[PDB]
Amino acid sequence: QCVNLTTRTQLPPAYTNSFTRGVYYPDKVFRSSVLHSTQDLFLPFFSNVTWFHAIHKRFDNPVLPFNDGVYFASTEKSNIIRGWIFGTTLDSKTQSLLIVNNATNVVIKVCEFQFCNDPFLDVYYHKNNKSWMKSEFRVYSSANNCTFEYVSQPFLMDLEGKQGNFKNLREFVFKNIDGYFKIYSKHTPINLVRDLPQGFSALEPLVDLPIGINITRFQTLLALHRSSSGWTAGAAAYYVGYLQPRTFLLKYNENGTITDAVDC
Amino acid sequence: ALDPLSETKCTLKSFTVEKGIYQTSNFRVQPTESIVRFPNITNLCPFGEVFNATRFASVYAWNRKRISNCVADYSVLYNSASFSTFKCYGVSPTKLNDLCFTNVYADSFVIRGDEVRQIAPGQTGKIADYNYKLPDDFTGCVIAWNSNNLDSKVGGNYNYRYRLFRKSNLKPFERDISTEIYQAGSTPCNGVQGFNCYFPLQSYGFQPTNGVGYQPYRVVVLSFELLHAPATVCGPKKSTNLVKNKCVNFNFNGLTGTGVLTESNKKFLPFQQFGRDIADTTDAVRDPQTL
């Protein structure tokens, strides 16, 4: 809970550029074979995005300002990234949103959470019979005053440790506008070594969360494993970005999918 | 309007019609009937189970249930004739279906028959002041029915108690379970019963032979409070029949208009309900219920 890891080491925040990332479907309005100009919170093209990673001696779980909205782009092998927790104090002082995927379902709840200095979900004793089941819960000690609860459908996620190039890509958009919290999720495989590939992506809505709480900050939750201060985390990389009120030209094909975007 | 030839004279404001073609007006087809479509009523809150629960908390132990994020149908409770007395304060029963509420609190407890009259905004009495009280601005409703066929049993049921004495009157929407001995005078008590020292909680005598006036009535108090938070709970829906290939006025969700509904080969993204043209005018829509 409040016990820091043994190998955890801070690192200077390095930056890198993203190509088209941050483009999403604006609304449920359907459009085909037309060029539309949408002005909303976007990630500017060729904009510097933060460079973070988590390994068994640098473990990055910083708290970053949420502002109006943010863009997340990460790649996973063993699915190190657990989720994100949102809120002002990130403590029981007020309501805080927590999005976590436990490898069974996706838990989305708004409650008063007890803050820990190093929240995460750990596991231990793999060896033979690789296990990877939920054992220790370090996110919060207790909670109460829950104004919202949601649970997704059950599924089996593979947390087995893997080596080599990153075979997956996950790009998310988390924002709060007019007391209405929106999410955009896209999962596509890629062949990647480091940094990011160069291409275009169209993000799709995930869930609708009419919560309406103030979020000035957020923190990324990770999963730890050992074959909890001495537990480690597999190799993974995630990226954070800030959205700005930019206007893109969204080119719609005959099927309605966005082929490309142009930042004015 | 007598004949089409006369329309030319009125459009030209003259009694002589020269040889030629003249447009006297522009014809428009009016909508024959109105269309209504919405999603299902599924995923409601089980209000019937609140009053259907086997055991209810004591007047001092009354449980407070928070109901949100669902649809509420109040027509079944009013037309079921399963309630002994039903009354509302500040809101009519027929208007609840058309109103959306952010938070709905359903109170549960059991009180005496003659004690039900003390439940209302700005009331008095033992149960109102020392047990449960309604603020003057309370907008909710009251529901009660005779429990003598369930709670009351042979020999008496003492499981349901009440707070007889309190140093003052309870505040609006306040619940105090403290069992501390009540001190009438200045004589110290120290939790030991005696002179000027009494036990505040008292059990309701429940037997089937008791009078109808004192028969236990299970009361469910719904507290309607509209806060700054968004509204979720709303009344039921309609979703009338659909008509196609005809001029009609259709209203879908928060969209309205007049046009001819015709199924085309276009495919809207599962995450995109409505379409639009280059003019920002919707040329097609998706049924809120059927896909």
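Ideal geometry is used to build each Cβ from the backbone, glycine not excepted, and the neighbour counts take in all protein chains shown. Coordinate-derived values only; no laboratory data.
Here is a yes/no grid of residues against (1) under 17 Å from the mean Cα position of the chain (by Cα); (2) more than 21 Å from A:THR216 (Cα to Cα):
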{"position": "A:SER96", "(1), (2)": "yes, no"}
{"position": "A:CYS111", "(1), (2)": "no, no"}
{"position": "A:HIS126", "(1), (2)": "no, yes"}
{"position": "A:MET133", "(1), (2)": "no, yes"}
{"position": "A:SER141", "(1), (2)": "no, yes"}
{"position": "A:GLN153", "(1), (2)": "no, yes"}
{"position": "A:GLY161", "(1), (2)": "no, yes"}
{"position": "A:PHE172", "(1), (2)": "yes, no"}
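Check segment B:145-155 and report whether any residue there is acidic (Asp, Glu) and over 26 Å from B:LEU227 (Cβ atoms). Reasoning before the result, please.
As a first pass, look at segment B:145-155 and keep what is acidic (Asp, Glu): B:151.
From what's left, over 26 Å from B:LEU227 (Cβ atoms): B:151.
For segment B:145-155, residues acidic (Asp, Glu) and over 26 Å from B:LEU227 (Cβ atoms): present.
Residue by residue, here is whether (1) touching a helix residue (DSSP H, G or I) at 6+ places or on another chain (Cβ under 8 Å); (2) exposed (fewer than 14 other Cβ atoms within 10 Å of the Cβ); (3) outside any strand (DSSP E or B) holds:
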| position | (1), (2), (3) |
| --- | --- |
| A:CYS146 | no, yes, no |
| A:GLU149 | no, yes, no |
| A:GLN153 | no, yes, yes |
| A:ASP158 | no, yes, yes |
| A:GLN163 | no, yes, yes |
| A:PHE172 | no, no, no |
| A:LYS182 | no, no, no |
| A:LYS186 | no, no, no |
In segment A:12-32, anything closer than 30 Å to B:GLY275 by Cα, aliphatic (A, V, I, L, M) and more than 14 Å from every other protein chain (Cβ to nearest Cβ) is listed as A:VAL23
Exactly one of (1) among the hydrophobic types (A, V, I, L, M, F, W, C); (2) surrounded by 15 or more Cβ atoms within 10 Å (Cβ to Cβ); (3) within 14 Å of chain B (Cβ to nearest Cβ) is unmet by A:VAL207. Its number?
(2)
Can you name every residue in segment B:108-149 that is β-branched (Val, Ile, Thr), outside any strand (DSSP E or B) and buried (at least 16 other Cβ atoms within 10 Å of the Cβ)?
B:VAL116, B:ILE119, B:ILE127, B:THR139
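Yes/no per residue for (1) part of a loop (DSSP other than H, G, I, E, B); (2) surrounded by fewer than 11 Cβ atoms within 10 Å (Cβ to Cβ):
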| residue | (1), (2) |
| --- | --- |
| A:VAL3 | yes, no |
| A:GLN10 | yes, yes |
| A:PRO26 | yes, no |
| A:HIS36 | no, no |
| A:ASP40 | no, no |
Is there a residue being within 14 Å of another protein chain (Cβ to nearest Cβ), at positive phi and surrounded by fewer than 21 Cβ atoms within 10 Å (Cβ to Cβ) anywhere in segment A:86-103?
no
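Condition (residue is assigned to a strand (DSSP E or B) and aromatic (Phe, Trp, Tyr)) applied to segment A:215-230: is it met by at least one residue?
Going residue by residue through segment A:215-230, those that are assigned to a strand (DSSP E or B) are A:217-225.
Cutting the leftovers down to aromatic (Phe, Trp, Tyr) gives us A:218.
Yes, some residue in segment A:215-230 is assigned to a strand (DSSP E or B) and aromatic (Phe, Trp, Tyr).
Residues B:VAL212, B:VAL233, B:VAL285: which one is among the hydrophobic types (A, V, I, L, M, F, W, C) and more than 14 Å from chain A (Cβ to nearest Cβ)?
On the way: B:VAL233 fails: more than 14 Å from chain A (Cβ to nearest Cβ); B:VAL285 fails: more than 14 Å from chain A (Cβ to nearest Cβ).
B:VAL212 is the lone residue from the list that is among the hydrophobic types (A, V, I, L, M, F, W, C) and more than 14 Å from chain A (Cβ to nearest Cβ).
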Could you please give the count of residues in segment A:188-214 that are at negative phi, in contact with a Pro (Cβ under 8 Å, 6 or more places away or on another chain) and outside any strand (DSSP E or B)?
1
Apart from one, (1) under 16 Å from the mean Cα position of the chain (by Cα); (2) outside any loop (DSSP other than H, G, I, E, B) all hold for B:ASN69; the odd one out is (2)
Considering only strands (runs of 3 or more DSSP E) wholly within segment B:190-291, the ones with at least 1 residues that are more than 20 Å from B:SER34 (Cα to Cα) are B:201-203, B:217-225
Hey, B:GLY211 hits all of (1) exposed (fewer than 11 other Cβ atoms within 10 Å of the Cβ); (2) within 30 Å of the chain's Cα centre (by Cα); (3) within 30 Å of B:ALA53 (Cβ to Cβ) but one; which does it fall short on?
(2)
For A:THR9, work out the one condition from (1) of a type in the set (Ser, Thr, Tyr); (2) within 14 Å of chain B (Cβ to nearest Cβ); (3) in contact with a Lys or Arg (Cβ under 8 Å, 6 or more places away or on another chain) it doesn't fulfil.
(2)
Check segment A:38-47 and report whether any residue there is within 26 Å of B:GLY275 (Cα to Cα) and over 22 Å from the mean Cα position of the chain (by Cα).
yes
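Given B:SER223, B:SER264, which one is within 14 Å of another protein chain (Cβ to nearest Cβ) and either exposed (fewer than 12 other Cβ atoms within 10 Å of the Cβ) or touching a strand residue (DSSP E or B) at 6+ places or on another chain (Cβ under 6 Å) (or both)? Break it down stepwise before answering.
Working: B:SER223 fails: within 14 Å of another protein chain (Cβ to nearest Cβ).
The conditions single out B:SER264.
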Residue that is surrounded by the fewest Cβ atoms within 10 Å (Cβ to Cβ) [pool: residues in segment B:168-189 that are part of a loop (DSSP other than H, G, I, E, B) and in contact with a strand residue (DSSP E or B) (Cβ under 6 Å, 6 or more places away or on another chain)]
B:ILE181
Taking segment B:29-57 as the search range and keeping residues that are part of a strand (DSSP E or B) and of a type outside the set (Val, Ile, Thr), which one is farthest from B:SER82 (Cα to Cα)?
B:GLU33
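Which residue is nearest to the chain's Cα centre (by Cα), if the candidates are limited to segment A:212-264 and must be of a type in the set (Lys, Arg) and within 30 Å of A:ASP60 (Cα to Cα)?
Let us first name the residues in segment A:212-264 that are of a type in the set (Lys, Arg), namely A:217, A:226, A:246, A:251.
From what's left, within 30 Å of A:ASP60 (Cα to Cα): A:217, A:226, A:246.
Details: A:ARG217: 13, A:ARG226: 23, A:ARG246: 22 Å.
Per the stated criteria, the residue is A:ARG217.
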